[PDB]
Every structure is written in C-alpha cells, then in structure tokens.
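K.L.:
Take a look at the following structure, please.
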Number of protein chains: 2
Amino acid sequence: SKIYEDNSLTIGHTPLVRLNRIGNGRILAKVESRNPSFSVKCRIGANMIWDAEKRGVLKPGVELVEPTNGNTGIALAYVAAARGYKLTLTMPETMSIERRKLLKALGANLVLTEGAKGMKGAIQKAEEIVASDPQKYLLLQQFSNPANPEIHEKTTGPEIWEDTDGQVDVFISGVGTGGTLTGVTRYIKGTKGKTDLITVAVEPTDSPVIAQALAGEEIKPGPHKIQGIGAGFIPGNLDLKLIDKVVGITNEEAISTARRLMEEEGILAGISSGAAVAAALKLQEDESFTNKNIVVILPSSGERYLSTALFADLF
Amino acid sequence: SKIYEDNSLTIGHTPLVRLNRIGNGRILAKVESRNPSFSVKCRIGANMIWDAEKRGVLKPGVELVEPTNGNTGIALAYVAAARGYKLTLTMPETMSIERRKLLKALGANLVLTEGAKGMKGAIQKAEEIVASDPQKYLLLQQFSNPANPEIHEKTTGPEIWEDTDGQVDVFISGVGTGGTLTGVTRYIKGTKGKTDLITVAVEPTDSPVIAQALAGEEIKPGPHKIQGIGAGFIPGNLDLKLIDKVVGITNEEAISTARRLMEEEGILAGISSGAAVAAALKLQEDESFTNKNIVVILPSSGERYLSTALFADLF
Ligand SMILES: *Cc1c(COP(=O)(O)O)cnc(C)c1O
Ligand SMILES: *Cc1c(COP(=O)(O)O)cnc(C)c1O
C-alpha cells in the first residue's frame, strides 16, 4: 500500500516535460509546482522541519518563526499544520491581502512590520521575538540552513538523473536561496561524477550580484520584478564554485517567456519560470549548445501571481 | 527514462494521505489537486481529447468548443495548448476577471454571453457556434461524454485499489458530472468484484436532486455555494444504480470542514473537498462504520477560491 502519514511526506517526484514549440525541442522542463503547496519550496519546508526534529531542537512546545511571506512561508505553514507545530511569520504590512488570507487559512500567526522598513524590518522583528525566549522559539533561516540544499541533493538531483538516464548536459536554475542549484549540482557532478555538466545560474540583469561576485567586482543590487530570485546578496546556501555560467535576464524577457509557456505549452508558470527558460533560449543561439539536452527548473505556477504584471493587459 | 511528450500525459498518480485530526484516523484522502492544471478535471480534459483523436473526429483544423468556465474549462485549455488545438469557451459575462485572465493566458478564446441568461445562455451560444459549421467545430459535452467516467475507471479506480491493497470499505465522492463516482465504482465493484463496497454520493442539502431521484420524487433543485457539485439535474455520466447511500451537506458544514483540512492537516482544499470529508464525519457517528477504511476524493485546491466565502473573515 501507499498511504502517506501526513502531507509533508508527499513531496517530490515532479514531472520532466519536453517543450515542443519553445526552443529546438531539447529543453526539458521540471515542473516544481506539482508539490503539496505547489512550489519548489515544499521540499525545503518539509526537510528543514524534519531536520530540526532529528537534531532534537524541534519538539512539542517549541514554536517556529521565520521572516518570509513568499513560497517558503506557504511551505512552512502547510508542514507545521500537518505535523502539529505553531508557526509565526513576520512580514511587511504592505503584503497582499491575498497572501495573508492564504497563510492564515493554513493556521500561521502573522506579525506585520513597518511598511517603510521592508524585508529588513521583518527580519528584525523575527530576531527580537526569538531573543525574547530562545528556548521557546526556533528560527529556521532558509538562506543559510544546510537542510535546504540537502533535500535537493537527496530528491531533486536523483529525479533528474533517473528521468533522463543520465543524458542531461546542461542544468539551468534561477537563484533565490541557491539551494536548488547547489544540491542538484552536488549530486550530479559530485555523487555521479559527471564533471562535464554545465551548471547555469540565472539572475535579473537589474541585480547581477552573482556575475559581480564571480568577477571580483563590488556587489551592487537593484530592484526587479522576477519574484523568487535575485535576493541582492550571495546566500550562504549558494556554492559559487559549482557554477559554470551566469545568465542575466530582463523583466520583459522573463514575463513574455512565462506567457509562451502557458499559451504554447499549456504549463502554468510564474515569472521566474519564464526567466529560466529565456536563459535556455539564449544559450541555444550559440552553436556549441545545439545538440545538448537542457534541464530547466520551473519553480511555481502562474496561478499564484494573478495580480501581477504577468497577467496585465491580456484583453 | 521518463520524459513526457507533453503535459497532458502527466495526469494522475495522486497521493492518498491519512487524516490524523479529522475523524477517527481511518479517513484516507485522495488529493486530486496534484494534477497538471490542479484539479480532478485534468484527467477528463486529457481523456476527452485523446478519445476524440482516436475516433478520428478531432484533427488539425477542427476547433473545440465547450460551455464551461470551471475546472473543466481550465483543464481543456491546458490540454489544447499542449497538443496544438484552438479552443473556444462560452460563459456568462458575469464571470470573474480572475478566471478570465487564467483561461486567456492558456490561449483559450472566450465568448461571453448575457449575464441574466446564466449557464443556459452559455450552453445556447456554444450550440449556435457549432451549428454554424459542424465540420469545423467539436463540442465535447462533459456531462454525457463516456470518455469522462472512462478515465476514472482506467486510472483513479486502479490507483485507489493499489494504494490501499484492496482494503477500501467505503468510497465517498461529491457529484458534479458524476464521472468520478461512476468510473471508480465500476472498477472496484465491477472489475475487481468487491460488491460489498459502500459507494456514497455527496450533494448540497439545498439541491438534493440525487436523493429525490432515488426516492422517485420530483427533481427540485436550488442554489447553493458548494462549487463544483450539485448541477441541479442527473448527469448522463452518473450511474444511479451504483450508489449505496446519498449524504446531503450544508454550505456551512462544507466551508468549516474545508477550513479544518487546511489548518489541522495542511492540505489546501476547496469547498467541495470540505463537503466530501464532512460526509465521512457523519457516517462515523454510526457504529456500523466505526472500523471501516474510508477513501474520500478532494477535487481541488483552496488557492483557486481565494475570493470566495471559504476565506472570508479570517482576520
Ligand atoms: C525559491 C524560488 C526560486 C529559487 O530557488 P532556490 O532553490 O531558492 O534558489 C525561484 N523561483 C521561485 C518562485 C522561488 O520560490
Ligand atoms: C468536477 C468537480 C467535482 C465533481 O466531480 P465529478 O467527477 O464531475 O462528479 C467536485 N468538485 C470540484 C471542484 C469539481 O471541479
């Protein structure tokens, strides 16, 4: 039989679909919205909590706290509800009412911080709360907790190797916390020894922090609209030495390519999914990439961004 | 290798999750939102189109038309985009702008009909269009097309039998087109010969059309808020003789139970998912159901209904 004890155990095994109209027919898309709370974060939500239980730092009585309202907040919320923990999320008071209803329905406690203070303010409040009683509260820290890239090394990477029978030549991943790129690459180049794999990091042209860092230049971030990637600094969970190439993508390229995924392939896709695919299209303009099999990660579904520019001016 | 030719081929194999706080620990929930366009309809969207191709009535040049804007419209739209067909959907002009943006992004052509005329008006327009050129247009008809219950007999039913090792005693399904209930029951009672399986149909107390029909009373439908079920008539795809029991559920019971699924189990759920589970709770008040394994279908995710009463008054 195959009966899951709780929803956090259903993560992974997402499909690899060939794109037929976008590109030359060799781009293979991994659909991470096929997860329990519908995004690639479902995997780390589950693993960061399972990891804390195994280390003995998470048990009944200990509450969770994290400064985030994006896909990671949604993922932590369904896992905490599924396994019986209380969760507090801090975020700017400017946050969509849509997002807040969803998080609240999953039972999360929402602590809204000063709009003018942005993310730094949310992060601030989260630390005050945990300092208030360090035995009662546990902060997970998605950008540096090793349990994040660990789940990708244990599930995402193996799924990709298996589904392509090891025929993957290029791996493309837009970077947010960096866990996906780091974990999958460690498994393929490290564990399976395919050192000739080309790992491509994708980021906003408007906040090319990874390209800067790799060239030894100063880190100068900027605002952009590709939700989910380009945090503006180099995350502890991003292993810079595993990267072979970085590709910068514009807001317009990301949005228009996300739209082609929905209209031409029938795959609901968010803005960052368009950015990763637009990167594959650029590489295919170079003849050395002509006959290579390219695997790209599609992080989330367009349905979660119905209020953004992704859907603006359709009629 | 396991590389899908297009997204319509990724349907099914949804997880069976045990509910731990709702009920006595024997309710097993099948999560149908783990599908390519996130609902149980993804399966019939794919099969009704594959079936038309096999019968030779659907080929390049023939366009599809269907009067619907719900999960079936979203399902037909991703399959048509994935396999290269043009699709026209007719619906009342009163339809949410949210729903229209989503359908449009998937490339569907939207024909809006008179608000005052409701669904009947949409159905009307669809027939005019097809009559305008019957060689160019193809109407699928979800309520009576046998390809709808056929996919459930071929995938959903076998998945349930396999995942429980044949230990399922009660099967609960809210009825919309009736295909899920009919197909799964045909497989279990028919093909596997488990004739003492108890099949339970669920419907709105405010439009108990199935209970009426079974008692030989007049069919008197009424309005209700449990989106996705209770169409107000007996669908050609519902086989009344396969039903052992009918349970009526109120709008309030459906909504509050859908909320418990999210908060207590971490499973994003729509209103009709709450209705099906509330039915299991009622049967468990009867001692003859105390030690039986109950499988319930959860049709869609709560994220698709963020604008409804499901999320009203959370703060
Ligand atoms: C998390 C996320 C990413 C980035 O993935 P990481 O493994 O954090 O680098 C991309 N897009 C979206 C929508 C995300 O939520
Ligand atoms: C289609 C649907 C149902 C009913 O399932 P059928 O197999 O058509 O009887 C229930 N809930 C939702 C949300 C649906 O879309």
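Note on naming: chains are A, B, ... as they come in the structure tokens, residues start from 1 per chain, ligands start from 1 in the order shown.
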Onto chain A, please fit chain B by least squares using all C-alpha atoms in order, then return the transformed chain as a CSV table (one decimal) with C-alpha atoms, in the first residue's frame.
P.N.:
chain,number,residue,atom,x,y,z
B,1,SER,CA,0.0,0.0,0.0
B,2,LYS,CA,1.0,3.6,-0.4
B,3,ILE,CA,-0.8,5.7,2.3
B,4,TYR,CA,1.1,8.9,3.4
B,5,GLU,CA,1.1,9.7,7.2
B,6,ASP,CA,0.8,13.4,6.5
B,7,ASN,CA,1.0,15.8,3.6
B,8,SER,CA,4.7,16.7,4.1
B,9,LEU,CA,5.6,13.2,3.1
B,10,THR,CA,4.2,13.6,-0.4
B,11,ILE,CA,6.9,16.0,-1.7
B,12,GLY,CA,8.8,15.5,-5.0
B,13,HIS,CA,8.8,13.1,-8.0
B,14,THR,CA,7.8,16.1,-10.2
B,15,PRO,CA,7.5,15.5,-13.9
B,16,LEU,CA,10.1,16.3,-16.6
B,17,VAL,CA,8.2,17.6,-19.8
B,18,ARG,CA,9.7,18.2,-23.2
B,19,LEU,CA,9.0,21.7,-24.6
B,20,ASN,CA,7.8,21.4,-28.2
B,21,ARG,CA,7.3,25.0,-29.5
B,22,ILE,CA,9.8,26.8,-27.3
B,23,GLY,CA,13.3,26.2,-28.3
B,24,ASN,CA,14.7,23.4,-30.6
B,25,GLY,CA,13.0,20.5,-28.9
B,26,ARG,CA,15.8,19.7,-26.4
B,27,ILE,CA,14.7,21.8,-23.5
B,28,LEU,CA,13.3,19.6,-20.7
B,29,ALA,CA,11.2,21.4,-18.0
B,30,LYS,CA,10.9,20.1,-14.4
B,31,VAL,CA,7.6,21.2,-13.0
B,32,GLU,CA,8.0,22.0,-9.3
B,33,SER,CA,4.5,23.3,-8.9
B,34,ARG,CA,3.5,19.6,-8.7
B,35,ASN,CA,4.1,19.7,-4.9
B,36,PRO,CA,1.8,19.7,-1.8
B,37,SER,CA,1.7,23.5,-1.5
B,38,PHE,CA,2.6,24.0,-5.2
B,39,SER,CA,6.2,25.3,-5.5
B,40,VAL,CA,9.8,24.1,-5.2
B,41,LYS,CA,9.8,25.4,-1.6
B,42,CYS,CA,7.5,22.5,-0.4
B,43,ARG,CA,10.7,20.3,-0.4
B,44,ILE,CA,12.7,22.6,2.0
B,45,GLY,CA,9.7,23.4,4.1
B,46,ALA,CA,9.5,19.7,4.8
B,47,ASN,CA,13.2,19.0,5.2
B,48,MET,CA,14.1,22.0,7.4
B,49,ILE,CA,11.4,20.8,9.9
B,50,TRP,CA,12.3,17.1,9.6
B,51,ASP,CA,15.9,18.1,10.2
B,52,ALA,CA,15.2,20.1,13.3
B,53,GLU,CA,13.2,17.2,14.7
B,54,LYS,CA,16.1,14.8,14.1
B,55,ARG,CA,18.6,17.2,15.8
B,56,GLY,CA,16.3,17.4,18.8
B,57,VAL,CA,15.9,21.1,18.7
B,58,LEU,CA,12.3,21.0,17.5
B,59,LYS,CA,9.7,19.3,19.7
B,60,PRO,CA,6.2,19.9,21.1
B,61,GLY,CA,6.3,23.3,22.8
B,62,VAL,CA,8.8,24.9,20.5
B,63,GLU,CA,7.3,27.3,18.1
B,64,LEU,CA,8.7,28.2,14.7
B,65,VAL,CA,9.4,31.7,13.4
B,66,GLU,CA,10.7,32.9,10.1
B,67,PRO,CA,10.8,36.2,8.2
B,68,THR,CA,9.1,35.5,4.9
B,69,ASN,CA,5.8,35.6,3.1
B,70,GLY,CA,6.7,34.0,-0.2
B,71,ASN,CA,6.6,30.4,-1.3
B,72,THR,CA,8.8,29.4,1.8
B,73,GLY,CA,6.2,30.9,4.1
B,74,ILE,CA,3.4,28.9,2.4
B,75,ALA,CA,5.6,25.8,2.5
B,76,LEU,CA,6.4,26.1,6.2
B,77,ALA,CA,2.8,26.8,7.0
B,78,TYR,CA,1.4,23.6,5.5
B,79,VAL,CA,4.1,21.4,7.1
B,80,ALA,CA,3.6,23.0,10.5
B,81,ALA,CA,-0.2,22.4,10.2
B,82,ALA,CA,0.4,18.8,9.0
B,83,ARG,CA,2.8,17.9,11.9
B,84,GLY,CA,1.2,19.9,14.7
B,85,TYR,CA,3.5,22.9,15.3
B,86,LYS,CA,2.7,26.6,15.9
B,87,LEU,CA,4.3,28.9,13.4
B,88,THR,CA,4.8,32.7,13.4
B,89,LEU,CA,5.7,34.5,10.2
B,90,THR,CA,6.9,38.2,10.1
B,91,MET,CA,6.5,40.3,7.0
B,92,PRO,CA,6.0,43.9,5.9
B,93,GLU,CA,2.4,45.3,6.5
B,94,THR,CA,2.3,46.1,2.8
B,95,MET,CA,1.9,42.4,1.9
B,96,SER,CA,-1.1,41.5,-0.2
B,97,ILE,CA,-4.3,40.7,1.5
B,98,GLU,CA,-4.5,37.6,-0.9
B,99,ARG,CA,-1.2,36.2,0.6
B,100,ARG,CA,-2.3,36.9,4.1
B,101,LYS,CA,-5.6,35.1,3.8
B,102,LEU,CA,-3.9,32.0,2.4
B,103,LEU,CA,-1.2,31.9,5.2
B,104,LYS,CA,-3.9,32.5,7.8
B,105,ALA,CA,-6.1,29.7,6.5
B,106,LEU,CA,-3.1,27.3,6.9
B,107,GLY,CA,-3.0,28.4,10.6
B,108,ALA,CA,0.1,30.6,10.6
B,109,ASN,CA,0.3,33.6,13.1
B,110,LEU,CA,1.1,36.8,11.2
B,111,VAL,CA,3.2,39.5,12.7
B,112,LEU,CA,3.2,42.6,10.3
B,113,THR,CA,6.1,45.0,10.5
B,114,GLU,CA,6.6,48.6,9.3
B,115,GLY,CA,6.0,49.0,5.6
B,116,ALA,CA,8.8,51.6,5.2
B,117,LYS,CA,11.3,49.2,6.7
B,118,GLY,CA,10.8,46.4,4.1
B,119,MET,CA,12.3,42.9,4.5
B,120,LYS,CA,15.0,44.1,6.9
B,121,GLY,CA,12.2,45.2,9.2
B,122,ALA,CA,10.5,41.8,9.1
B,123,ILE,CA,13.9,40.1,9.7
B,124,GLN,CA,14.4,42.4,12.6
B,125,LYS,CA,11.1,41.6,14.3
B,126,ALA,CA,11.7,37.9,13.9
B,127,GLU,CA,15.0,38.1,15.8
B,128,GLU,CA,13.5,40.2,18.6
B,129,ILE,CA,10.8,37.5,19.0
B,130,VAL,CA,13.2,34.7,19.2
B,131,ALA,CA,15.6,36.5,21.5
B,132,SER,CA,12.5,37.1,23.8
B,133,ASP,CA,12.7,33.4,24.7
B,134,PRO,CA,15.3,31.4,22.9
B,135,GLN,CA,14.1,28.1,24.4
B,136,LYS,CA,10.5,28.5,23.1
B,137,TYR,CA,11.3,29.8,19.6
B,138,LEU,CA,13.2,28.4,16.7
B,139,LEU,CA,14.3,30.4,13.6
B,140,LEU,CA,14.9,28.2,10.5
B,141,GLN,CA,16.8,30.6,8.2
B,142,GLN,CA,16.2,29.4,4.7
B,143,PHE,CA,19.2,31.3,3.2
B,144,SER,CA,21.8,29.5,5.2
B,145,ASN,CA,20.2,26.3,6.8
B,146,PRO,CA,22.1,23.3,5.1
B,147,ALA,CA,18.8,21.3,5.3
B,148,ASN,CA,17.7,23.4,2.3
B,149,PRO,CA,20.3,22.2,-0.3
B,150,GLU,CA,20.4,18.8,1.4
B,151,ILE,CA,16.8,17.9,0.2
B,152,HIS,CA,17.7,18.8,-3.4
B,153,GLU,CA,20.8,16.6,-3.3
B,154,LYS,CA,18.6,13.8,-2.0
B,155,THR,CA,15.5,14.1,-4.2
B,156,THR,CA,15.6,16.7,-7.0
B,157,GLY,CA,19.0,15.7,-8.3
B,158,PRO,CA,18.4,11.9,-8.3
B,159,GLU,CA,15.0,12.5,-10.0
B,160,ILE,CA,16.7,14.5,-12.8
B,161,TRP,CA,19.5,11.9,-13.3
B,162,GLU,CA,17.0,9.0,-13.3
B,163,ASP,CA,14.4,10.6,-15.6
B,164,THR,CA,16.9,11.4,-18.3
B,165,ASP,CA,19.0,8.2,-17.8
B,166,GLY,CA,22.0,10.5,-17.2
B,167,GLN,CA,21.6,12.2,-20.5
B,168,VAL,CA,21.4,15.8,-19.0
B,169,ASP,CA,24.2,18.1,-20.4
B,170,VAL,CA,23.1,21.5,-19.1
B,171,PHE,CA,21.3,22.3,-15.9
B,172,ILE,CA,19.6,25.7,-15.6
B,173,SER,CA,18.4,27.2,-12.3
B,174,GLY,CA,17.3,30.7,-11.3
B,175,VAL,CA,18.9,31.5,-7.9
B,176,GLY,CA,16.9,32.6,-4.8
B,177,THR,CA,18.3,30.9,-1.7
B,178,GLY,CA,20.6,28.9,-4.1
B,179,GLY,CA,19.6,25.5,-2.5
B,180,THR,CA,18.3,24.0,-5.8
B,181,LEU,CA,21.4,24.9,-7.8
B,182,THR,CA,23.8,23.8,-5.1
B,183,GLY,CA,22.1,20.5,-4.2
B,184,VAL,CA,21.4,19.2,-7.7
B,185,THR,CA,24.9,20.1,-8.9
B,186,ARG,CA,26.5,18.3,-5.9
B,187,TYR,CA,24.6,15.2,-6.7
B,188,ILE,CA,25.4,15.2,-10.5
B,189,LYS,CA,29.0,16.4,-10.6
B,190,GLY,CA,29.8,15.1,-7.1
B,191,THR,CA,28.0,11.9,-6.4
B,192,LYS,CA,27.5,10.7,-10.0
B,193,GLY,CA,30.9,12.2,-11.2
B,194,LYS,CA,29.6,13.9,-14.3
B,195,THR,CA,32.1,16.8,-14.1
B,196,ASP,CA,31.5,18.1,-17.6
B,197,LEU,CA,27.9,19.0,-16.7
B,198,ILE,CA,27.3,22.7,-17.4
B,199,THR,CA,25.6,24.4,-14.5
B,200,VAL,CA,23.9,27.7,-15.3
B,201,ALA,CA,22.8,30.3,-12.7
B,202,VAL,CA,20.1,32.7,-13.8
B,203,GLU,CA,19.6,36.2,-12.3
B,204,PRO,CA,17.9,39.6,-13.0
B,205,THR,CA,20.0,41.8,-15.3
B,206,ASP,CA,19.0,44.6,-12.9
B,207,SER,CA,20.6,42.9,-9.9
B,208,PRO,CA,23.5,40.8,-11.3
B,209,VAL,CA,25.0,40.2,-7.9
B,210,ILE,CA,26.4,36.7,-8.9
B,211,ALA,CA,28.1,37.9,-12.0
B,212,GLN,CA,29.7,40.7,-9.9
B,213,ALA,CA,30.9,38.3,-7.3
B,214,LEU,CA,32.4,35.9,-9.8
B,215,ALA,CA,34.3,38.7,-11.5
B,216,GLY,CA,35.5,40.0,-8.1
B,217,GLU,CA,33.6,43.2,-8.5
B,218,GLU,CA,31.5,45.1,-5.9
B,219,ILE,CA,28.1,43.8,-5.1
B,220,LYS,CA,25.6,46.4,-6.4
B,221,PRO,CA,22.0,45.1,-6.2
B,222,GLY,CA,18.9,46.8,-7.6
B,223,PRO,CA,15.1,46.3,-7.7
B,224,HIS,CA,13.5,44.0,-10.3
B,225,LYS,CA,10.2,42.1,-10.9
B,226,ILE,CA,11.3,38.5,-11.2
B,227,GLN,CA,9.7,37.2,-8.0
B,228,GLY,CA,11.5,34.4,-6.2
B,229,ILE,CA,15.1,35.0,-7.4
B,230,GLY,CA,17.8,37.8,-7.1
B,231,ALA,CA,17.8,38.4,-3.3
B,232,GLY,CA,20.5,41.0,-3.7
B,233,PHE,CA,23.3,39.2,-1.9
B,234,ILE,CA,25.1,35.9,-2.1
B,235,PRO,CA,23.3,33.3,0.1
B,236,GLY,CA,25.2,31.0,2.4
B,237,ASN,CA,23.4,28.2,0.5
B,238,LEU,CA,24.8,29.2,-2.9
B,239,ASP,CA,28.2,27.4,-3.6
B,240,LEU,CA,29.8,29.8,-6.1
B,241,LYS,CA,32.4,27.2,-7.2
B,242,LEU,CA,29.8,24.9,-8.7
B,243,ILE,CA,28.7,27.5,-11.3
B,244,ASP,CA,29.9,27.3,-14.8
B,245,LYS,CA,27.9,30.2,-16.3
B,246,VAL,CA,25.7,33.0,-15.2
B,247,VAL,CA,22.9,34.5,-17.5
B,248,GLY,CA,21.2,37.8,-16.8
B,249,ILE,CA,17.5,38.1,-17.8
B,250,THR,CA,15.4,41.2,-18.1
B,251,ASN,CA,11.9,41.7,-16.6
B,252,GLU,CA,10.4,41.8,-20.1
B,253,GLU,CA,12.1,38.6,-21.3
B,254,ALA,CA,11.0,36.7,-18.1
B,255,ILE,CA,7.4,37.8,-18.4
B,256,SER,CA,7.0,37.2,-22.2
B,257,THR,CA,8.6,33.7,-22.0
B,258,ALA,CA,6.4,32.8,-19.0
B,259,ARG,CA,3.5,33.7,-21.2
B,260,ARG,CA,4.7,31.5,-24.0
B,261,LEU,CA,5.0,28.5,-21.6
B,262,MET,CA,1.2,28.9,-20.8
B,263,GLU,CA,-0.1,29.6,-24.3
B,264,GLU,CA,2.3,27.4,-26.3
B,265,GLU,CA,2.9,24.5,-24.0
B,266,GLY,CA,0.0,24.6,-21.5
B,267,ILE,CA,2.2,24.8,-18.5
B,268,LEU,CA,1.0,27.3,-15.8
B,269,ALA,CA,4.2,29.2,-14.9
B,270,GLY,CA,5.4,32.0,-12.7
B,271,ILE,CA,7.7,34.9,-13.8
B,272,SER,CA,10.9,33.1,-12.6
B,273,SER,CA,9.9,30.0,-14.7
B,274,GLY,CA,9.9,32.3,-17.8
B,275,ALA,CA,13.4,33.7,-16.7
B,276,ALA,CA,14.9,30.2,-16.5
B,277,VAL,CA,13.5,29.2,-20.0
B,278,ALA,CA,14.6,32.5,-21.6
B,279,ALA,CA,18.1,31.6,-20.4
B,280,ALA,CA,17.9,28.3,-22.3
B,281,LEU,CA,16.8,30.2,-25.4
B,282,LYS,CA,19.9,32.5,-25.2
B,283,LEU,CA,22.3,29.6,-24.9
B,284,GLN,CA,20.8,27.9,-27.9
B,285,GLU,CA,21.8,30.8,-30.1
B,286,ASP,CA,25.4,29.5,-29.6
B,287,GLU,CA,26.3,26.5,-31.8
B,288,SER,CA,28.2,24.7,-29.1
B,289,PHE,CA,24.8,24.2,-27.3
B,290,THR,CA,22.9,23.0,-30.5
B,291,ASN,CA,22.8,19.3,-29.6
B,292,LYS,CA,22.8,19.4,-25.8
B,293,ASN,CA,19.9,18.2,-23.6
B,294,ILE,CA,18.9,21.1,-21.3
B,295,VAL,CA,17.1,20.6,-18.0
B,296,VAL,CA,15.4,23.7,-16.5
B,297,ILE,CA,13.6,24.1,-13.2
B,298,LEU,CA,10.1,25.8,-13.3
B,299,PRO,CA,9.7,26.9,-9.6
B,300,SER,CA,6.0,27.8,-9.3
B,301,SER,CA,2.6,28.2,-11.0
B,302,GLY,CA,1.3,31.4,-12.7
B,303,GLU,CA,-2.0,31.0,-10.8
B,304,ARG,CA,-0.2,32.3,-7.7
B,305,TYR,CA,0.6,35.6,-9.4
B,306,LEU,CA,-2.8,36.5,-10.9
B,307,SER,CA,-2.4,40.1,-9.5
B,308,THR,CA,0.9,40.9,-11.1
B,309,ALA,CA,2.2,42.2,-14.4
B,310,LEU,CA,2.4,38.5,-15.6
B,311,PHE,CA,-1.3,38.8,-16.5
B,312,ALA,CA,-1.6,42.6,-17.2
B,313,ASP,CA,-3.2,43.6,-20.5
B,314,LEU,CA,-4.5,40.2,-21.7
B,315,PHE,CA,-7.7,41.7,-23.0
K.L.:
DSSP on the backbone, strand (DSSP E) only: what residues of region 114-290 of chain A does that give? Format it as a VMD selection string.
P.N.:
chain A and resid 137 to 139 170 to 174 198 to 204 245 to 249
K.L.:
Limited to C-alpha atoms, could you put the picked residues into a file as a PDB file, in the first residue's frame?
P.N.:
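Output saved as result-v1.pdb:
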ATOM      1  CA  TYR A 137      11.272  29.851  19.593  1.00  0.00           C
ATOM      2  CA  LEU A 138      13.179  28.403  16.657  1.00  0.00           C
ATOM      3  CA  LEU A 139      14.251  30.418  13.591  1.00  0.00           C
ATOM      4  CA  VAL A 170      23.132  21.480 -19.115  1.00  0.00           C
ATOM      5  CA  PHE A 171      21.255  22.287 -15.878  1.00  0.00           C
ATOM      6  CA  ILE A 172      19.588  25.713 -15.555  1.00  0.00           C
ATOM      7  CA  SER A 173      18.407  27.233 -12.278  1.00  0.00           C
ATOM      8  CA  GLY A 174      17.303  30.717 -11.293  1.00  0.00           C
ATOM      9  CA  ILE A 198      27.289  22.709 -17.396  1.00  0.00           C
ATOM     10  CA  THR A 199      25.573  24.411 -14.454  1.00  0.00           C
ATOM     11  CA  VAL A 200      23.951  27.720 -15.299  1.00  0.00           C
ATOM     12  CA  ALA A 201      22.827  30.262 -12.689  1.00  0.00           C
ATOM     13  CA  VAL A 202      20.107  32.714 -13.788  1.00  0.00           C
ATOM     14  CA  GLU A 203      19.566  36.175 -12.266  1.00  0.00           C
ATOM     15  CA  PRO A 204      17.950  39.575 -13.021  1.00  0.00           C
ATOM     16  CA  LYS A 245      27.938  30.187 -16.316  1.00  0.00           C
ATOM     17  CA  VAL A 246      25.668  33.020 -15.229  1.00  0.00           C
ATOM     18  CA  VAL A 247      22.957  34.478 -17.490  1.00  0.00           C
ATOM     19  CA  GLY A 248      21.196  37.772 -16.758  1.00  0.00           C
ATOM     20  CA  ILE A 249      17.550  38.103 -17.818  1.00  0.00           C
TER      21      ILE A 249
END
K.L.:
Based on DSSP run over this structure's backbone, return all residues of region 27-229 of chain B in alpha helix (DSSP H), as a ChimeraX atom specification.
P.N.:
/B:41-54,71-83,97-105,118-131,147-151,157-163,179-185,209-215
